[PDB]
Structures are given as structure tokens and as C-alpha cells.
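Student: I would like to see how this sequence folds:
(one chain, ligands or ions: 2)
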Amino acid sequence: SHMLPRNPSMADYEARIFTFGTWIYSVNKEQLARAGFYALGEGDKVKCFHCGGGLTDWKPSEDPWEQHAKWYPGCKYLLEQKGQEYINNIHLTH
Ligand SMILES: CN[C@@H](C)C(=O)N[C@H](C(=O)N1CC[C@H](C)[C@H]1C(=O)Nc1ccccc1-c1ncccn1)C1CCCCC1
Ligand SMILES: [Zn+2]
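Tutor: Numbering: from 1, shown residues only. Ligands and ions are numbered 1, 2, ... in the order given. Structure as follows:
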């Protein structure tokens, strides 16, 4: 939940989109990169450059931002981009 990104080398959106150059999975690569994720090159495993949170086993029609907020609500990239209200809404039911 720190304000300092875990992986500065992947802070650049262009650095992240590059990792998806040959992405074959259903979840949209631009949406993934915009949501802070880069591909690890091992199945559909991705990692956020900021919070360091990893996610795998993406399902059809899943939204990168929603999943990001669900699993890593303390991510400060998410807070900076989407804002707290977005995070609040994802966690509304619990
Ligand atoms: C359906 N949408 C996807 C994006 C999603 O929610 N992925 C989750 C995920 O990647 N998680 C959950 C938190 C965890 C830090 C991360 C993860 O890396 N999980 C694992 C990765 C490799 C090996 C095991 C796990 C794992 N182990 C125990 C419980 C959950 N995941 C998780 C994958 C396994 C089945 C439950 C869901
Ligand atoms: Zn994050």
C-alpha cells in the first residue's frame, strides 16, 4: 500500500504495453496495461508495477481495474488513477 512503486522500470505505460506484444489471452492488453499490469511471460500471469500485486487465471469478460481493486484495494496507482470512490464501490458488498 506504499506510495513508492515496487517496480520503477515498469512505471512507464509504454514499458507495460510492450510486455503484451504477443498476448493471446481474452483479457484486453491495453486495459491491462492501463490498469498498471505487465505480463510476466508465464501463462496469463500479470503483475502491477506499483503495488507488486500479481494476478493469474483471468476469466472471460473480466475487467482489469475491477480485479485490481478487488484484490489490491490499497494500491496507490489505483487510488491515483481511479480514486477512492471507485475502490469503495468494488468493496461495497462486504
Ligand atoms: C478470476 N480473476 C482472476 C484475475 C483472479 O481473481 N485471480 C486470483 C489471483 O491470481 N490471485 C488471488 C490473490 C493472489 C495474490 C493472486 C494469485 O497470485 N494467486 C495465485 C497464483 C499462483 C498460485 C496460487 C495462487 C493462489 N493461491 C491461493 C489462493 C488464491 N490464489 C485467483 C487465482 C486462482 C483462483 C482464485 C482467484
Ligand atoms: Zn497495484
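Student: how about stretch 78-88 against ligand 2, any contact?
Tutor: No: among the residues of stretch 78-88, none lie within reach of ligand 2 under C-beta under 5 Å from the ion; the closest is 5.6 Å away. From N, CA and C alone the C-beta is placed, and that goes for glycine too.
Student: Residues of the protein that sit close to ligand 1?
Tutor: Neighbours of ligand 1 within the chain, by C-beta under 6 Å from any ligand atom: 54, 55, 56, 57, 58, 59, 62, 67, 71.
Student: Among these, which ones are in helices?
Tutor: Residues of the residues of the chain next to ligand 1 located in helices (DSSP state H): 67, 71.
Student: out of the residues of the chain next to ligand 1, which are buried?
Tutor: 55, 58, 67 (16 or more other C-beta atoms under 10 Å).
Student: closest to residue 27 among those residues?
Tutor: residue 58 (4.4 Å; C-beta to C-beta).
Student: you'd agree residue 26 is up against residue 63?
Tutor: No: if you go by C-beta atoms under 8 Å, residue 26 and residue 63 don't touch, sitting 11.7 Å apart.
Student: rewinding a little: need the buried ones among the residues of the chain next to ligand 1 in a markdown table (columns: distance to residue 91).
Tutor: Formatted as a markdown table, those follow (distance: C-beta to C-beta, whole Å):
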| residue | distance to residue 91 |
| --- | --- |
| 55 | 17 |
| 58 | 20 |
| 67 | 13 |
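Student: What is the nearest of those residues to ligand 2?
Tutor: Nearest to ligand 2 among those, counting by C-beta to the ion, is residue 55 at 9.6 Å.
Student: what's the distance between that closest one and residue 67?
Tutor: From residue 55 over to residue 67 the distance is 6 Å, taken as C-beta to C-beta, to the nearest Å.
Student: Equivalent analysis for residue 74, please.
Tutor: Residue 74 is 15 Å from residue 67, by C-beta to C-beta.
Student: With residue 87 instead?
Tutor: 12 Å.
Student: before we move on, back to that, same list (the residues of the chain next to ligand 1) but as JSON lines, adding distance to ligand 2.
Tutor: Formatted as JSON lines, those follow (distance: C-beta to the ion, whole Å):
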{"residue": "54", "distance to ligand 2": "10"}
{"residue": "55", "distance to ligand 2": "10"}
{"residue": "56", "distance to ligand 2": "15"}
{"residue": "57", "distance to ligand 2": "17"}
{"residue": "58", "distance to ligand 2": "16"}
{"residue": "59", "distance to ligand 2": "19"}
{"residue": "62", "distance to ligand 2": "16"}
{"residue": "67", "distance to ligand 2": "10"}
{"residue": "71", "distance to ligand 2": "9"}
